Amino acid sequence: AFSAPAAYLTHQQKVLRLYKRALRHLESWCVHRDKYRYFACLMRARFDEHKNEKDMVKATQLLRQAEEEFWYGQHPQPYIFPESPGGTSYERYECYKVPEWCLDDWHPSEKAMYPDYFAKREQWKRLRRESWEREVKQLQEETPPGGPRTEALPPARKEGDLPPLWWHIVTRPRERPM
Amino acid sequence: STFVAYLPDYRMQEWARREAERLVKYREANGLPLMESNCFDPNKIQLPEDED
Amino acid sequence: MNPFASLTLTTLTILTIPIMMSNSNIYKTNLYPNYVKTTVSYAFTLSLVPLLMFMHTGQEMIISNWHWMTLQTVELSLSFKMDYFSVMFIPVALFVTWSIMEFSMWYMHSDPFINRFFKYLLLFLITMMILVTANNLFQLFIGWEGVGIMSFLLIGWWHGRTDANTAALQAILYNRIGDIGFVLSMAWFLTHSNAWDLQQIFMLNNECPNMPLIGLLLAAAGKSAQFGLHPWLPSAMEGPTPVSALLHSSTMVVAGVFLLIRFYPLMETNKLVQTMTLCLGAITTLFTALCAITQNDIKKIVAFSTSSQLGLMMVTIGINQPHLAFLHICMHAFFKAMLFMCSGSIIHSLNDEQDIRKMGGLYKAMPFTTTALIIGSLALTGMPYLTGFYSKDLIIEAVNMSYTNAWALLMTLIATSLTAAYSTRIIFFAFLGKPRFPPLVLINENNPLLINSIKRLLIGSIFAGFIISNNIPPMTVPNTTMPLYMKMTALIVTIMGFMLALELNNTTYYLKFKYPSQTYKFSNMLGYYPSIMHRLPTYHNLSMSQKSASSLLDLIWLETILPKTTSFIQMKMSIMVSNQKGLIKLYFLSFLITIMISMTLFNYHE
Amino acid sequence: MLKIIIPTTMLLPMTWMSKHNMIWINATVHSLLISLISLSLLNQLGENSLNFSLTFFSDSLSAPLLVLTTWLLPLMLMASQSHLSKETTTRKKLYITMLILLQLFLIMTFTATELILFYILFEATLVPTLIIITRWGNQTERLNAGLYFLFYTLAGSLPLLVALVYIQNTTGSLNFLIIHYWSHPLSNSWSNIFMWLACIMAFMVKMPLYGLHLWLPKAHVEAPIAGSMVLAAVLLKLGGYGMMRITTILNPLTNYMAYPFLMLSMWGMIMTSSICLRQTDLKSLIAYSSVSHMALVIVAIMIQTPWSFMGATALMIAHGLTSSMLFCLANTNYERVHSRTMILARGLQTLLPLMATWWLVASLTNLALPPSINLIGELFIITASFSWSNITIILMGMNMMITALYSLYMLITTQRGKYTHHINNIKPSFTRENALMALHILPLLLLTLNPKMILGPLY
Amino acid sequence: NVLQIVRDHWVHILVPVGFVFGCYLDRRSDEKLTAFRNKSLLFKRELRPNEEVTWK
Amino acid sequence: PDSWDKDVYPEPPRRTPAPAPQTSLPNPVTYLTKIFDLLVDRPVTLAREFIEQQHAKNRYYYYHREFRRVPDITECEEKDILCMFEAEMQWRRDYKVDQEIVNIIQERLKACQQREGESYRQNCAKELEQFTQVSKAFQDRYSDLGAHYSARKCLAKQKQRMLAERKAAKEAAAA
Amino acid sequence: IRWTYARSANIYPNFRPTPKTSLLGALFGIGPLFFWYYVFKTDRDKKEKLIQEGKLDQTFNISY
Ligand SMILES: CCCCCCCCCCCCCCCCCC(=O)OC[C@H](COP(=O)([O-])OCC(O)COP(=O)([O-])OC[C@@H](COC(=O)CCCCCCCCCCCCCCCCC)OC(=O)CCCCCCCCCCCCCCCCC)OC(=O)CCCCCCCCCCCCCCCCC
Ligand SMILES: CCCCCCCCCCCCCCCCC[C@@H](O)O[C@H](CO[C@H](O)CCCCCCCCCCCCCCC)COP(=O)(O)OCC[N+](C)(C)C
Ligand SMILES: CCCCCCCCCCCCCCCCC[C@@H](O)O[C@H](CO[C@H](O)CCCCCCCCCCCCCCC)COP(=O)(O)OCC[N+](C)(C)C
Ligand SMILES: CCCCCCCC/C=C\CCCCCCCC(=O)O[C@H](COC(=O)CCCCCCC/C=C/CCCCCCCC)COP(=O)(O)OCCN
């Protein structure tokens, strides 16, 4: 979810995605491990059968029939990892994620506790404040006049700079905030 | 809320209950029907001349 | 005064004490869950006494303590019924809830809001007690909606997750559908019997008509998740495992069957409503087990199992055996709750993994959980002389010797087989074979809370059926003369289901792969009922709410008729009236015409 | 009755002679004291009303309305002082004067013995509300909405006057006691039909009845918080009070003429409840729920049974309190994000837990959770309608199903989910707002223990 | 020092006295509707040997 | 107890069976009853007797209000407001009393149904008959008046019923 | 803002009375009212006719 998407998926990416999806659904069908290994080797051989096809029209047609066969033969209840978009713990811990700016609204009595943490937070805030203009200038100078063609962002190029648009990426709450 | 809770019974609910007990006792002891079908005495009602 | 009324009232009273302490300096300390668990255990111990009194002398009472109000000739007062059903279900519910809180003290140890979770469970228990002990229909409705709202709040415990909120709202909708029938029955009873309590309703209805009983049946179908309104129960598994074990497995979901049991004197007189109840129970107990036999989520399998058991209870009600239905409720609570705790223990030990395809050999890795689930599956399938034998087998034999719809009997037998089928599925795919979980082994069950909580309900699921069955007076006429083939039919079908399920499960070991058939697709996708009924009616309603109700009517035509037409007419009239060039030659001619008109039309007609 | 009217009048020179920084404190304290004094009117009789004098009287129907009207003013002052901080002293005093005048007019309206005085005050209530909406509203639509508030009511209320002065020319009096005691049946004629229409539609517009309800989603949305509060809590109940009062002279024609209005109301429940399901505006959702709830009271009054009247009174009081609380809760979010779009700010339970609890309680009370007085009124109306006709249970229950749907949805959209990332100005809830919700909700739960106080003269 | 309190807190007695005044104005009204005092058929009674009016 | 009247709230003589044991095992119910009596009942009755001694030191009384009989609506003239008002108030009081009578009968029926257990259908025929008679009378009097009811409407209903009965009697006498 | 404005404030200015719009509005705003009126009138006339001839079993119907 970190990599910027492309305008389109090439043929190689489509075939790789189909291979991974078919292997996952085959594992869903073949519960036992040895049976899954056997049929995964069979599927890998089936994929390697046309590994060096140079006719792009034929390759596209083959991929289309493979997609049709997968859609017919897909598992109605495929295995999903618990934290995956379909899993049983996908967005379980979002209620515990609190943005850091809320810490700015704490009462001074609350900030009396954790003094070192708030000193380090003040240091982080000063560091963020001192480097915003340089990041904006870098984005302005690197971006083509028409506009950004993709969502990819450039890294820091000088010595005392930080990568542009870094605050919210670095200051993510947590994966297990509580 | 305390003032509203302890408001005197000006709706006369307990009074109505007590009158009900007295009347139930009287009609059950005398054997009269517990409740009459006519609330007004028919002797004081002057109906029209005839049914036709 | 006899101690019966005082103890029965105090049992419910002391459950509310930890709620009043939710604003004290015990709610902000990590000792609150233990405090609530101790309170529940003490409440169970106190409730054990009226049960003993009833087993001694069969003593029953009603306590109308607080007079709420009086609408003319109708009096509403806070009244509690302490008959056999209340004094028997209260200790069972308290025991199950105590075990569930003890389990939750270990399951939800890392939750930042564990105190709120425990107080929510206690509030649900209070609402359930209010539901059970209610003597009038208004108090029963209070408890009904209380348990509904508590279920809504506990299903969406993780409110940052979209699916939990969706499941909670779905449960609310499906329960409101039956709340419609509940309100219908209440209105009919108020209008015709001039009462909402049970005594006058029973007195004034020697032959109850169709409508109130149909409303009660609709409410029961909504609460117990019968075939018409089933899908909310399987989806209520989004919440924490203790919520599923306590609310949606053994205690809250039996509310509809309990409501039908409470009105059994009226149901004895209407044959049509009994037939409808029997048919609904049969179709539910068939369909839910048919969906269960192919599920991969263990919690889903247990949810479909409990829905099938509820369907069996409704079938039992349909054949005029209410006491058998109540006895089956009491028996089912124990082993269903402990099966859910075993499932939760497995899930916790496998790093929050619920798919049975990634659970391998836990027979030796988790010996105590394994033995507990084996005992529970045996009790659920009706193994003789276990807890479930004393209710389920008698239910089957009662259906076999009644003037019954033949299809209902056949579907009940097939569901009895499918119960053993899915029990075999669970055992085979969760405890037999080789491990299929991630190699970093985190299996650990050596926690005293978990062990004691499971062990108490294990002792229950072993001995409670025999203990209860031998201490209640006979409430029916026994079936002492049966043919041998029909005396063993439940055992025969359970055994046969065991064998076919085991054979088809061992079939999966072969190195053969083939695409699924249409029957498996129908069974696995829940008969395509959620895939259709949650998409077509919802889409049509939400599209009509905006296309016509909001845009076409409110924003266009209602504006067009009264206000916009008035504005247009007034503007046109103003433009016509005020458009004069100011030349005297025109309106003096107008004056001449007016003078002539006044001289002719008015002056000539005096 | 003057022991309540005169202090309300004295609130004006008090406000105008107060310090520049002391108007709110004194106004709130003395309005709360006036509410405490007005609590004494709840001591009603079981046979006849409290006839203070030839001009003012109090029955069991108008006592809870008086108590609610007097109780709302301190809440309006508490809710208004936040967004009027930068306002000048003179305009603050003018706003407080408008609120006091509205309260005084409502107090006199709910206690007038004669119908012409009741109409005069019931129409005089329009001016302060219109001034508030059109002067202290925030958007440019506030002018147009004001017109919608002004001409919808008058077009319905002007014929009513023509009816009232007609009745006094035939019966000789417009006193309510004489009208009740000397009541005569209405013949079935076109003249009597139009007299029935004239005496009724003025109160149908203020309910508002479905079809004539377009002014409400405008006026409630574009008004300030206090304007919307007084519109939902009290001003909607004027139509119900007047209709319950005036239905005495309409029998037996009410049996025949109520069918179109009954059909409109029973279908408008479903229409407005469905409209609430698709509403991008939170304040508009609350406004439409208000109409959905008032259609029930319309049906209850139209069917003319004691149970229906008790249910209508209880539902009116409960809806007033609930709608006021919901409008306050929405205004709290608006004062943070400065937008009424419901999906703009999400996951507010994580950031404002106690306000989320207030939201949950308000939503639960809105959908008539037992044993709240909302549920009591709704159930009484349902039973009365079922006695009127069994088939009605098909519609009412359906409405109930929708009522729980758009309520919890409203709770889910704003409180649950995940917080929107770009918003970072959500400050912790102030003590003033929390106290406002507490004072909105605590009497609501307290009235459960003593329902007979809000069940009207038919109890 | 009494002025320092009175001159800025007299507005706090407008509503209190406006209450009591109202009460007085109620009682006078009751004096204009005494045409049936101790004359209704339901509450007509023989006066106590010392009292003068059944109610004020 | 003497708090209420036993003629208005009757109940059967309360036949109970004497304990006749058969096994030698101890009875837990008896032990728990003794514990409840020693631990709960005695402190409660001690506190109540203290409260009663405190109450006896201050004895004051309250009275049931007696209402005279005023002429009904039948004796009032067409537009004579005072007697009309008095008769309407008396009618409202009688209506409330009738409501409470129906309430008492309903309470009797409820107590019957709960007390008789499984024989309630047979042992409570008298209560059902009394409730049926009282309900029929109340329905004849006050039903269908609706909101805005009055003594005049009830009198009109009674007059219409009397006309119907007279017509039915005349029709029957012609056979 | 564009979405909310289009859904709320931009609808009437872009509305034109057409046969489709008129027919849909008439149906969805008029048909249900008369349908429910007919249903309720039929039921109530049946009930009143039953009451007039005195066969409804209105016993214990004290509250209404
Ligand atoms: C005591 C005297 C009585 C003796 C009776 C005689 C002896 C027994 C009779 C035998 C009866 C069936 C027994 C075999 C079980 C079936 C298992 C199987 O492999 O089936 C293969 C196949 C599914 O296998 P698969 O897809 O290859 O497996 C994928 C992988 O294995 C995926 O792997 P997996 O891990 O996911 O596992 C999937 C799952 C299996 O996946 C499935 O879901 C398929 C199994 C379906 C079970 C259905 C059984 C009962 C159904 C009742 C339905 C009522 C009517 C409904 C019809 C509606 C019509 C629209 O496997 C299991 O978990 C175990 C299966 C259950 C075994 C235990 C069953 C015992 C109860 C049934 C027998 C009754 C005994 C007691 C009766 C007592 C009465 C006196 O299903 C079938 O082809 C046959 C299904 C049987 C009924 C379907 C009828 C045909 C449907 C269309 C008919 C034409 C309609 C035209 C239109 C009409 C419109 C009006
Ligand atoms: C934050 C932490 C929360 C949890 C901890 C809470 C601790 C426990 C506190 C909760 C108590 C539980 C309540 C249980 C019920 C007991 C109270 C009950 O007994 O009192 C009622 C009494 O309550 C009152 O009737 C209701 C109060 C009136 C409410 C009015 C609100 C105040 C006015 C505000 C204006 C708002 C506008 C209102 C518009 C109408 C009973 O009514 P009644 O049967 O008679 O009494 C019989 C005896 N009498 C007659 C001699 C008095
Ligand atoms: C969007 C919501 C706005 C508010 C809607 C208010 C609804 C107002 C409708 C009024 C209801 C009843 C009014 C008159 C009663 C009956 C009407 C008529 O349909 O009944 C027949 C009337 O017969 C004919 O239909 C005459 C009426 C025909 C002409 C009227 C035009 C109706 C078209 C609909 C206009 C839309 C109304 C709203 C305007 C904006 C009965 O036949 P008949 O036994 O002989 O007459 C009995 C009445 N008597 C005793 C007085 C003589
Ligand atoms: C926001 C929109 C609200 C609409 C409000 C307007 C609807 C009001 C209904 C019409 C009011 C007119 C009635 C006036 C008062 C009636 C008093 C009365 O009884 O007089 C009648 C006379 O009744 C009339 O003359 C009224 C006729 C109507 C004249 C004005 C027409 C206005 C439109 C009428 C039809 C529309 C009604 C519904 C409007 C729908 C709005 C959506 C009898 O008098 P007599 O001459 O003595 O007869 C007995 C001796 N032979």
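With ideal geometry, Cβ positions are generated from the backbone for all residues, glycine too; neighbour counts draw on all protein chains shown. Rule-based calculations on the coordinates, nothing more; no lab input.
Is at least one residue of the range C:446-468 in contact with a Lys or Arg (Cβ under 6 Å, 6 or more places away or on another chain) and not β-branched (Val, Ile, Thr)?
In the first step, residues of the range C:446-468 are kept if they are in contact with a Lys or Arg (Cβ under 6 Å, 6 or more places away or on another chain); the result is none.
Among the residues of the range C:446-468, not one is in contact with a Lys or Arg (Cβ under 6 Å, 6 or more places away or on another chain) and not β-branched (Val, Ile, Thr), which makes the answer no.
Taking the options G:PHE40, G:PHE35, G:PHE60, name whichever one is of a type outside the set (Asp, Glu), more than 8 Å from every other protein chain (Cβ to nearest Cβ) and farther than 28 Å from D:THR280 by Cα.
Numbers: G:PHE40 fails: more than 8 Å from every other protein chain (Cβ to nearest Cβ); G:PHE60 fails: more than 8 Å from every other protein chain (Cβ to nearest Cβ).
Residue meeting the stated conditions: G:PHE35.
Out of all the residues in the range C:429-444, which are within 23 Å of C:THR387 (Cβ to Cβ) and of a type outside the set (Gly, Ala, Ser)? Full working, then the answer.
Taking the range C:429-444 as the starting set, the residues that turn out to be within 23 Å of C:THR387 (Cβ to Cβ) are C:430-431.
The one that is within 23 Å of C:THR387 (Cβ to Cβ) and of a type outside the set (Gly, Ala, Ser): C:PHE431.
Which condition does D:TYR409 not pass, out of (1) surrounded by fewer than 23 Cβ atoms within 10 Å (Cβ to Cβ); (2) aromatic (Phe, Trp, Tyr); (3) free of Cβ contacts under 8 Å to residues at least 60 places away in the same chain, if it passes all the others?
Among (1) surrounded by fewer than 23 Cβ atoms within 10 Å (Cβ to Cβ); (2) aromatic (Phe, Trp, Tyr); (3) free of Cβ contacts under 8 Å to residues at least 60 places away in the same chain, D:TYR409 violates only (3).
Which of the numbered conditions does D:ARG432 fail, given that it passes all the others? Conditions: (1) out of contact with any helix residue (DSSP H, G or I) (no Cβ under 9 Å at 6 or more places or on another chain); (2) more than 10 Å from every other protein chain (Cβ to nearest Cβ).
(1)
Given the criterion without any contact (Cβ under 8 Å) to a residue 60 or more places away in the chain, within 16 Å of ligand 3 (Cβ to nearest atom) and assigned to a helix (DSSP H, G or I), identify the matching residue among C:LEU542, C:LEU504, C:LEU552. Lay out the reasoning, then the answer.
On the way: C:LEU542 fails: within 16 Å of ligand 3 (Cβ to nearest atom); C:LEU504 fails: within 16 Å of ligand 3 (Cβ to nearest atom).
Within the list C:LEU542, C:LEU504, C:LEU552, the selection yields C:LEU552.
Scan the helices (runs of 4 or more DSSP H) fully inside the range D:185-232 and keep the ones with 1 or more residues being within 10 Å of ligand 4 (Cβ to nearest atom). Show your work before the answer.
Values: elements: D:190-206, D:215-222, D:225-230.
Once the helices (runs of 4 or more DSSP H) in the range D:185-232 are filtered for at least 1 residues that are within 10 Å of ligand 4 (Cβ to nearest atom), what remains is D:190-206, D:215-222.
Does the range D:133-151 contain any residue that is under 30 Å from D:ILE37 (Cβ atoms) and touching a residue at least 12 places away in the same chain (Cβ under 8 Å)? Let's see the steps before the verdict.
Pass one, the range D:133-151, residues under 30 Å from D:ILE37 (Cβ atoms): D:133, D:136.
Next cut, touching a residue at least 12 places away in the same chain (Cβ under 8 Å) only: D:133, D:136.
Yes, that holds for at least one residue.
Being of a type in the set (A, V, I, L, M) and under 19 Å from F:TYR142 (Cβ atoms) is the filter here; which residues of the range G:49-64 pass it?
Selection gives G:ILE51, G:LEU56, G:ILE62.
Which of the residues spanning the range C:321-353 are closer than 30 Å to A:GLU83 by Cβ and either charged (D, E, K, R) or outside any helix (DSSP H, G or I) (or both)? Even if it seems obvious, please write down each step before you answer.
Looking only at the range C:321-353, we keep the residues that are closer than 30 Å to A:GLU83 by Cβ, and these are C:336-353.
Of everything in the range C:321-353, those that are closer than 30 Å to A:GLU83 by Cβ and either charged (D, E, K, R) or outside any helix (DSSP H, G or I) (or both) turn out to be C:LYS336, C:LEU350, C:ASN351, C:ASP352, C:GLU353.
Return the total of residues in the range D:439-450 being surrounded by 21 or more Cβ atoms within 10 Å (Cβ to Cβ) and either more than 19 Å from the chain's Cα centre (by Cα) or of a type outside the set (A, V, I, L, M) (or both).
The number of residues fulfilling the criteria is 1.
Among the residues of the range F:33-83, what is the count of those that are touching a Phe, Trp or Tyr at 6+ places or on another chain (Cβ under 8 Å) and either in contact (Cβ under 8 Å) with a residue 24 or more places away in the chain or over 24 Å from D:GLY46 (Cβ atoms) (or both)?
4
Can you spot a residue in the range C:443-450 that is within 16 Å of ligand 1 (Cβ to nearest atom), buried (at least 17 other Cβ atoms within 10 Å of the Cβ) and farther than 30 Å from C:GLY311 by Cα?
Kept after step one, since they are within 16 Å of ligand 1 (Cβ to nearest atom), are these residues of the range C:443-450: none.
Within the range C:443-450, none of the residues are within 16 Å of ligand 1 (Cβ to nearest atom), buried (at least 17 other Cβ atoms within 10 Å of the Cβ) and farther than 30 Å from C:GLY311 by Cα.
Might you check whether a residue that is more than 14 Å from chain B (Cβ to nearest Cβ), part of a helix (DSSP H, G or I) and not aliphatic (A, V, I, L, M) occurs anywhere in the range F:79-95?
yes
Return the only residue of D:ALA202, D:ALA198, D:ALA232 being surrounded by 24 or more Cβ atoms within 10 Å (Cβ to Cβ), under 27 Å from the mean Cα position of the chain (by Cα) and either within 11 Å of another protein chain (Cβ to nearest Cβ) or within 13 Å of ligand 3 (Cβ to nearest atom) (or both). Break it down stepwise before answering.
On the way: D:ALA198 fails: surrounded by 24 or more Cβ atoms within 10 Å (Cβ to Cβ); D:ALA232 fails: either within 11 Å of another protein chain (Cβ to nearest Cβ) or within 13 Å of ligand 3 (Cβ to nearest atom) (or both).
Of D:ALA202, D:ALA198, D:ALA232, the one residue that is surrounded by 24 or more Cβ atoms within 10 Å (Cβ to Cβ), under 27 Å from the mean Cα position of the chain (by Cα) and either within 11 Å of another protein chain (Cβ to nearest Cβ) or within 13 Å of ligand 3 (Cβ to nearest atom) (or both) is D:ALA202.
Count, please, the residues in the range C:256-315 that happen to be more than 30 Å from C:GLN200 (Cα to Cα) and either within 16 Å of ligand 4 (Cβ to nearest atom) or of a type in the set (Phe, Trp, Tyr) (or both).
Summing the residues that are more than 30 Å from C:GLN200 (Cα to Cα) and either within 16 Å of ligand 4 (Cβ to nearest atom) or of a type in the set (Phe, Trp, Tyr) (or both) in the range C:256-315 gives 2.
Yes or no: the range E:43-53 includes at least one residue that is surrounded by 13 or more Cβ atoms within 10 Å (Cβ to Cβ) and within 14 Å of chain D (Cβ to nearest Cβ). So that I can check it myself, show each step before the final result.
First, pick out the residues of the range E:43-53 that are surrounded by 13 or more Cβ atoms within 10 Å (Cβ to Cβ): E:43.
In the following step, the residues that additionally are within 14 Å of chain D (Cβ to nearest Cβ) were identified as E:43.
Yes, some residue in the range E:43-53 is surrounded by 13 or more Cβ atoms within 10 Å (Cβ to Cβ) and within 14 Å of chain D (Cβ to nearest Cβ).
Can you tell me which condition C:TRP66 does not meet? The list is (1) touching a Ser or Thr at 6+ places or on another chain (Cβ under 9 Å); (2) in a helix (DSSP H, G or I), and all the others hold.
Failed condition: (2).
Output the residue which, of all residues in the range C:190-204 that are at the interface with chain F (Cβ under 8 Å from one of its Cβ atoms) and outside any helix (DSSP H, G or I), is nearest to C:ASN136 (Cα to Cα).
C:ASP197
Which one of these does D:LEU101 not meet: (1) more than 11 Å from chain E (Cβ to nearest Cβ); (2) crowded, with 22+ Cβ neighbours inside 10 Å?
Status for D:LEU101: all satisfied but (2).
Going through the range F:125-175 one residue at a time, which ones are of a type in the set (D, E, K, R), in contact (Cβ under 8 Å) with a residue 40 or more places away in the chain and more than 9 Å from chain B (Cβ to nearest Cβ)? Steps first, please.
Within the range F:125-175, the first condition is being of a type in the set (D, E, K, R), and the residues that meet it are F:126-127, F:129, F:136, F:140-141, F:144, F:152-153, F:157, F:159, F:161, F:165-167, F:170-171.
Next cut, in contact (Cβ under 8 Å) with a residue 40 or more places away in the chain only: F:141, F:152.
The answer is F:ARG152, and nothing else.
Would you be able to tell me the number of residues in the range F:133-157 that are polar (S, T, N, Q) and within 17 Å of F:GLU100 (Cβ to Cβ)?
Taking the range F:133-157 as the starting set, the residues that turn out to be polar (S, T, N, Q) are F:133, F:135, F:139, F:143, F:150.
Subsequent filtering for residues that are within 17 Å of F:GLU100 (Cβ to Cβ) retains F:133, F:135, F:139.
Selection size over the range F:133-157: 3.
Looking at D:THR113, D:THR134 in this structure, which one is within 23 Å of D:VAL205 (Cβ to Cβ) and among the hydroxyl-bearing types (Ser, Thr, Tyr)?
Values: D:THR113 fails: within 23 Å of D:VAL205 (Cβ to Cβ).
Only one candidate qualifies: D:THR134.
Given the residues C:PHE429, C:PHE389, which is the only one that is crowded, with 18+ Cβ neighbours inside 10 Å and within 14 Å of chain A (Cβ to nearest Cβ)?
Values: C:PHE389 fails: within 14 Å of chain A (Cβ to nearest Cβ).
C:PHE429 is the lone residue from the list that is crowded, with 18+ Cβ neighbours inside 10 Å and within 14 Å of chain A (Cβ to nearest Cβ).
Take the range F:9-51 and flag every residue that is surrounded by 10 or more Cβ atoms within 10 Å (Cβ to Cβ) and more than 12 Å from chain C (Cβ to nearest Cβ).
F:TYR9, F:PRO10, F:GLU11, F:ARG42, F:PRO43, F:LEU46, F:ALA47, F:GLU49, F:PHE50, F:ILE51
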